[PDB]
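Residue numbers (UniProt numbering), protein chains in the order written: chain L, 8 to 184, 196 to 266; chain X, 8 to 192, 196 to 267; chain C, 20 to 418; chain B, 20 to 418.
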Amino acid sequence: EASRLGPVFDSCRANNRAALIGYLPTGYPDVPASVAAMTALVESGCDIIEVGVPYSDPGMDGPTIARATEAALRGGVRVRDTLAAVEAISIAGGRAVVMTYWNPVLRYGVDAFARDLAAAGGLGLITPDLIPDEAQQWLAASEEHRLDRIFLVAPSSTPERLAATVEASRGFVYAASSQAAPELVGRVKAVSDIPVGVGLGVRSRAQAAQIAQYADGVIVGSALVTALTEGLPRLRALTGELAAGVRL
Amino acid sequence: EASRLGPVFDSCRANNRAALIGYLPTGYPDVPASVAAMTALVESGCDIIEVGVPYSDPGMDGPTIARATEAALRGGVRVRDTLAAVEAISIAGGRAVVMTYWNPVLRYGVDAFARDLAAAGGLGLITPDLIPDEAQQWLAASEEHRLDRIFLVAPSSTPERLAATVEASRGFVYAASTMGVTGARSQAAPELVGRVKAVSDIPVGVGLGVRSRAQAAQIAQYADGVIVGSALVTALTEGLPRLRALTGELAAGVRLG
Amino acid sequence: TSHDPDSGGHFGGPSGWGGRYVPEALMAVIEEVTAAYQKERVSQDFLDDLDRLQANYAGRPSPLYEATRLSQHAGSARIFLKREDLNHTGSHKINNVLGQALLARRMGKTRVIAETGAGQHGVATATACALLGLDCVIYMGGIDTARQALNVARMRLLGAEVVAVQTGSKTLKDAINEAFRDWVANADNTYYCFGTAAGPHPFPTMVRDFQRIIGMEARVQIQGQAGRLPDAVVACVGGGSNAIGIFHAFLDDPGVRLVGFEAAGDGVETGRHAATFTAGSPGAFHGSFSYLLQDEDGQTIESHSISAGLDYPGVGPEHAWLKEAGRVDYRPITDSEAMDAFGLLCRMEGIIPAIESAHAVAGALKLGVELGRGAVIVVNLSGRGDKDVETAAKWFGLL
Amino acid sequence: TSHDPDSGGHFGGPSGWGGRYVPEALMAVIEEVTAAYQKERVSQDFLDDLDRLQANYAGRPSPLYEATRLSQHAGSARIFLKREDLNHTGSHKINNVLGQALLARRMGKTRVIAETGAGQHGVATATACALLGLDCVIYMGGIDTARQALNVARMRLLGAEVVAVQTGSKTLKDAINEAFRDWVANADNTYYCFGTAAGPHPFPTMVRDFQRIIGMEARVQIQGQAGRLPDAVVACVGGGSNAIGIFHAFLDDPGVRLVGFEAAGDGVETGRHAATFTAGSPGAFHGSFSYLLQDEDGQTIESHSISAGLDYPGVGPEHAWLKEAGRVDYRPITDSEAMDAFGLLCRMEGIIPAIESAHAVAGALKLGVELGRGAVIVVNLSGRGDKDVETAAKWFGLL
Ligand SMILES: C=C(NCc1c(COP(=O)(O)O)cnc(C)c1O)C(=O)O
Ligand SMILES: C=C(NCc1c(COP(=O)(O)O)cnc(C)c1O)C(=O)O
């Protein structure tokens, strides 16, 4: 009938605001601290949490996230730790999706990962290196275990591929990147009513507010990791500032 | 007629001995000291002096002679200093031949160098990198200015080339025992002399890196001349008195009754 | 043809080797390159340009040389060396580079980027960019810059910028990661000149098409010199370009054994190797579904080899398909085996090979002992050893 | 045979150029080599053996490449590069070495010695000796071992003993002197593989005969690609082998200008050069009557050049004869001019030349300006620049 994240975006759209979508990687600085940080995000007012699965060769991750995921891997982080993180988030009253490169999913088993993600209370999957063209197993697993499938679109995306990617997505579309972000969000709105999240290296309250004018969701990651590195209190303070940003 | 060096070898052969042939390079350790050294050789009983012309790229010279010729060239030695050395040797009652690589002779002019060498009292020319095959100008200059022409033969020399080299030589044939530099301390030398004697009565000088009385005496059994170079340079480096002593020991070696 | 993938880049149907495991951010330029290749591969002007450069600039054809002094070390078999070492820049890499660089210019791209491990692809790319007046940036792992320093200096002389990559293992896989990030950011103006037969469609097919010339020449040459097709054709396997290049023309000759030799480093039991087929398993990496060295969760395992060119934990998808089909056999060769062969080729034939190519020679020697007297083995001698002289002199105690 | 010397080795009459200015101690082995060469140069089995190696081992023919991106720096003339840089070992030296090494085996010699300056002849000789199972000793000036160190290491890997010569200028002329000394002592078992078109008969003629192939190929190729014989053919001149190799086939084409370019170093006015024809005079040196740099007394003046291969105060006698006859013009090119051309060729055509060859390229650019638009100039690109990369990178401020 409807997507898992649909009620969150409708609740935001009813309170005249965008959803704050917070990314942290599992196992940074260690597994217990990362879970405590993800819980803090729920408490500090993140509507959706992106639980990152650290990958050895993360092509799309920037330097802040890359170094953090490297550190998590040195610390011995495992894919199961992510599912434990999703469970802890769900028990705390938060809403979690998993962001992962595709090979860890293949290795685990696509169906099995979907099954276990759903059992932990996970709501969906963000797939930065999986285009719909290769997503046959994932589409089937997604339908069966009732998980949202968040694909990425880009400024460079052709009209045809943008349409195909939006059509294949459930929950929201991750619009990743001057006037490029609103233009890309505009092109998604022209073919579909699906919510659009925007990730733009957001650091501040003002930046989150600008994005909330046109996007249904504001995605923050790099800045949250930077905040956690200084301290857990610094993360709370920043998350609270971003929570205020999306309400304007 | 007869060769310029003929009377020396006849005189030695009458006194039952070989000629002592002494090499020094002009300009080592400097020009005046080298002339004093060559005069000392005449006084100490050298029958013939080989006046060496220092050359920039002396392929046939051994290490002792090569370092000495390098030092002479650093000192600024010139080809005409060799002609002055020959004059000084002639004035002292000695007999000089010049040993040179060919290019300094070409640059000077072959006819002109032969003329001026003869004018200084020089008796001939030893040519380690000139074979008779290329010696047309030299043969003409040699006949015109009455200079002996001492070509080299080697143990490797073929019968044809040995015969042609002996035929082209006047004065003596230089037989040497192959590798560059004065010999230092094998039956190659008597065998080579033996091959020269089978085709001609020309005197044969032998170079074998001679350093001692005993070695000079061995060579004097079969050879008409004993050639010494490396050991004279080594002696002069220590001092002029050491050269006089060594030359005196070698002069005793060549005599055998 | 019979051996090409579908329009999505998949070999073998539904198993799905190859394809495109890339972010949507790259798909516009990937589709642009794919379309441009399909157009230009059938354009006589393009093929004439490529041909003219192969002949007059790169020096093709490379010769086929019977290394008779190796025979007694190879069970009296007959080892024929396909001499890619004699190409301009000193390897097979130039074949692929001239094709892709001409294509970059046809597309109106003003900037070319490339990864390099051994530095041969880097040098070839720089070479073509000098020739065609394109800006050039080469990404090279920091460990590789140190052990292949001759090639760094050549690249710089050729006018290429070189960026030393310090992330991960500081070798080829990490250079590839950085070049990928560059392309993602600069897709509108930048062509990615990928140097091996891996990556997302169209790279495996395109790289192979430009390297096919090796096998086509070899197949004609061996019939001319030996009077028949070989008993085997062998090559070393990094990502797979030189191997697929020489193999392709023999795929439909059923009596011709095809053997790829991969780098085993300190040994396959040690966890310090690049033996992808021997020790790896299926997975998605660097744009394709193929084999890679990976742990229980699917994290890439870092490779190790004395050879910078074979020090890569992945392999191209066409090779995965050929392995699955049973058409090609893939076998490990250790650092020691490779260096023994290096030395042997130097002493017996007066040819200083690339350490990469030495793996193939080492494998050929063993295959000769299996096949026996009079067996005809064509070995792809992929590159020369200029870049490796220091390493090898150190190995053999020659300082 | 029209251009050959007499049986004594003289060009231009009975006293001319060439001959044998050697000691009697060398004449047996010189006559042995001469007789062996006269026998083998007319044996089809020998020429077949040489041809087979040229094709399958060395990769002949080398191509002819029109360097169109140089044209605007050469008065809009058309520069065609004869690509000897693509030969096995990276230079023309291998042509002569294969011939002489085959001859050494035919003669029953077990030991080969050679001189080298740039290290390309040394590497080529080592290569052939490895190939043919001969013991190999290379003499190299101490200054040259330091500035061409890549080639020292290659020679050592190939199994050659390398002896650093500390006498005189510690460069090529001094290496030659030492090799000569070795030969004198070891004539019975040792073949002297002389690497340039100089020395006593038979070397100028023999070396030239083995390098003739360059010109024979070039004359066919240029007629094919340009539709006519060239307006000029040019080369650099060390001792003279690559130049005489490419020139020889055009000697009886009266419309084809021939220009040799010699190393002028810091400049001909400075006394730091190797400009033998510009500043030298006739004399006997290293076995021949030819031109050399010499002072008023006939002492050899030490040469200087940034190029190790052109750093030689002499030149071969065939070149002296051709200069005297008015058939070839010889002209100076400085270090700076050569490096400007080195850099230009890297940047414009993606070819890294030998610094030796860059002198020829530099000369061709000036000749292009003189002859003008559409003039066809064939340039012998004698070798590649891998050995010179460090020197060049330093010159251009790239480390
Ligand atoms: C990875 C690089 N070279 C690999 C290489 C290889 C292995 O790469 P293939 O793509 O498997 O052919 C073989 N031979 C030589 C001479 C090589 O340089 C490089 O230079 O960037
Ligand atoms: C002297 C040496 N080389 C000279 C050389 C020359 C000049 O030598 P020629 O004999 O004049 O061709 C030209 N080009 C290259 C690439 C060279 O290496 C040597 O390597 O021994």
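The C-beta atom is built at its ideal place from N, Cα and C for all residues, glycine as well.
Contacting residues, own chain, Cβ-Cβ under 6 Å from residue 100 (chain B) (five flanking each side not counted): Close CB contacts of residue 100 (chain B) within its chain, under the 6 Å cut and outside five residues either way in sequence, are with 84, 86, 398, 400 (chain order).
Answer yes or no: does any C-beta atom of chain X fall closer than 7 Å to that of residue 40 (chain B)? Closer than 7 Å to some Cβ of chain X, the Cβ of residue 40 (chain B) qualifies, so yes.
What are the boundary residues of the beta strand (DSSP E) that residue 85 (chain B) is part of? In the DSSP assignment, residue 85 (chain B) falls within the unbroken beta strand (DSSP E) covering 83-85.
Could you check if residue 289 (chain B) is buried or exposed, using at least 16 other CB atoms within 10 Å of its CB as the buried criterion? If you draw a 10 Å sphere on the C-beta of residue 289 (chain B), you find fewer than 16 other C-beta atoms in it, and that means exposed.
Mind checking which residues open and close the alpha helix (DSSP H) that includes residue 157 (chain L)? Per DSSP, residue 157 (chain L) belongs to no alpha helix (DSSP H); it is in the beta strand (DSSP E), 155-157.
Beta carbons nearer than 9 Å to chain L: which residues of the segment 309-323 of chain C have them? Result list: 311, 313, 314, 315, 316, 317, 318, 319, 320, 321.
Closer than 7 Å by C-beta to residue 112 (chain C): which residues in its own chain qualify, once you throw out the five before and the five after it? Chain order, please. Once the five neighbours on either side are set aside, the close Cβ partners of residue 112 (chain C) are 139, 140, 143, 214.
Tell me whether residue 24 (chain B) sits in a helix, a strand or coil according to DSSP, three-state version. In this structure, residue 24 (chain B) counts as coil in the three-state DSSP scheme.
Taking all protein chains shown into account, decide if residue 98 (chain X) is buried (16 or more other Cβ within 10 angstroms of its Cβ) or exposed. The residue in question, residue 98 (chain X), is exposed, as its Cβ has fewer than 16 Cβ neighbours within 10 Å.
Ligand 1 heavy atom lying under 6 Å from the CB of residue 135 (chain C): Under cutoff, so the answer is yes.
Only counting the same chain, and skipping five residues up and downstream in sequence, which positions put a Cβ closer than 6 Å to that of residue 106 (chain X)? Contacts found: 57, 59, 133.
Along the alpha helix (DSSP H) that carries residue 141 (chain X), what are the first and last residues, could you check? Where residue 141 (chain X) is concerned, there is no enclosing alpha helix (DSSP H), given that its DSSP letter is neither H nor E.
Could you check where the alpha helix (DSSP H) with residue 192 (chain C) kicks off and where it finishes? Residue 192 (chain C) -> alpha helix (DSSP H) spans 191-205.
Only counting the same chain, and skipping five residues up and downstream in sequence, which positions put a Cβ closer than 7 Å to that of residue 415 (chain C)? Once the five neighbours on either side are set aside, the close Cβ partners of residue 415 (chain C) are 362.
Can you give the beta carbon distance from residue 260 (chain L) to residue 238 (chain L), rounded, assuming they're within the 8 Å contact cut? Rounded, the Cβ-Cβ distance is 6 Å, consistent with contact.
So, is the C-beta of residue 132 (chain L) closer than 7 Å to a C-beta in chain C? Put simply, the CB of residue 132 (chain L) is far from chain C, with every gap to its CB atoms at 7 Å or more.
Residue 256 (chain C) Cβ short of 6 Å to ligand 1 heavy atom set: Relative to ligand 1, the nearest heavy atom lies less than 6 Å away from the CB of residue 256 (chain C).
Starting from the beta carbon of residue 50 (chain B), find every residue of chain X whose beta carbon is closer than 8 Å, and list them in chain order. Within 8 Å Cβ-Cβ: 165, 168.
Neighbouring residues, chain C, relative to residue 146 (chain B) (Cβ below 7 Å): Within 7 Å Cβ-Cβ: 369.
For residue 348 (chain B), which option in B:62, B:248, B:320, B:262 has the closest C-alpha, if you only look at C-alpha atoms? Minimum Cα distance to residue 348 (chain B) is reached at B:262.
Three Cβ pairs or more, each shorter than 8 Å: is that satisfied between the segment 232-247 of chain C and the segment 260-275 of chain C? By the Cβ test, the segment 232-247 of chain C is in contact with the segment 260-275 of chain C, since at least three Cβ pairs between them sit closer than 8 Å.
What in chain B is Cβ-close to residue 200 (chain X), meaning under 8 Å? Those do not exist, as residue 200 (chain X) stays about 18 Å from chain B at its closest Cβ, beyond 8 Å.
So which residues on chain L does residue 46 (chain C) lean against when the C-beta distance must stay under 7 Å? What residue 46 (chain C) touches in chain L, judged by beta-carbon distance under 7 Å, is 138, 164, 168, going in chain order.
For a contact defined as C-beta to C-beta under 7 Å, what are the partners of residue 231 (chain X) on chain B? Residues of chain B passing the Cβ test: none, with the nearest at roughly 24 Å.
CA-CA distance, residue 123 (chain C) and residue 145 (chain C)? The alpha-carbon atoms of residue 123 (chain C) and residue 145 (chain C) are separated by roughly 13 Å.
May I have the straight-line CA-CA distance separating residue 27 (chain B) from residue 220 (chain B), to the nearest angstrom? Between residue 27 (chain B) and residue 220 (chain B), the C-alpha separation is close to 7 Å.
Can you list, in chain order, the residues of its chain whose CB lies under 7 Å from that of residue 240 (chain B), leaving out five sequence neighbours each side? Excluding residues within five positions, the ones whose Cβ falls inside 7 Å are 83.
By how many angstroms is the C-alpha of residue 22 (chain C) removed from the C-alpha of residue 256 (chain B)? Distance between the alpha carbons of residue 256 (chain B) and residue 22 (chain C) is about 53 Å.
Any chain B beta carbon closer than 7 Å to residue 149 (chain X): Not closer than 7 Å to any Cβ of chain B, the Cβ of residue 149 (chain X) fails to qualify, so no.
Residue 373 (chain B): beta carbon under 6 Å from a heavy atom of ligand 4? Of the ligands one can find in the structure shown, namely ligand 1 and ligand 2, none is ligand 4.
Using the C-alpha atoms, what's the distance from residue 187 (chain X) back to residue 367 (chain B)? Approximately 51 Å, taken between the alpha carbons.
With distance defined between alpha-carbon atoms, name the residue in B:177, B:253, B:37 nearest to residue 383 (chain B). For the set B:177, B:253, B:37, the Cα lying nearest the Cα of residue 383 (chain B) is the one of B:253.
Alpha carbon to alpha carbon, what distance is there between residue 9 (chain X) and residue 128 (chain X)? About 17 Å.
Quick check: what's the CA-CA separation for residue 388 (chain B) versus residue 34 (chain B)? Taking the straight line joining both Cα atoms gives about 39 Å.
Using a Cβ cut-off of 7 Å, pull out every chain C residue sitting near residue 366 (chain B), in sequence order please. Within chain C, the residues near residue 366 (chain B) are 149, 178.
Apply the 10 Å Cβ neighbour rule to residue 314 (chain C) and answer buried if 16 or more other Cβ atoms are within range, or exposed otherwise. Flag for residue 314 (chain C) reads exposed.
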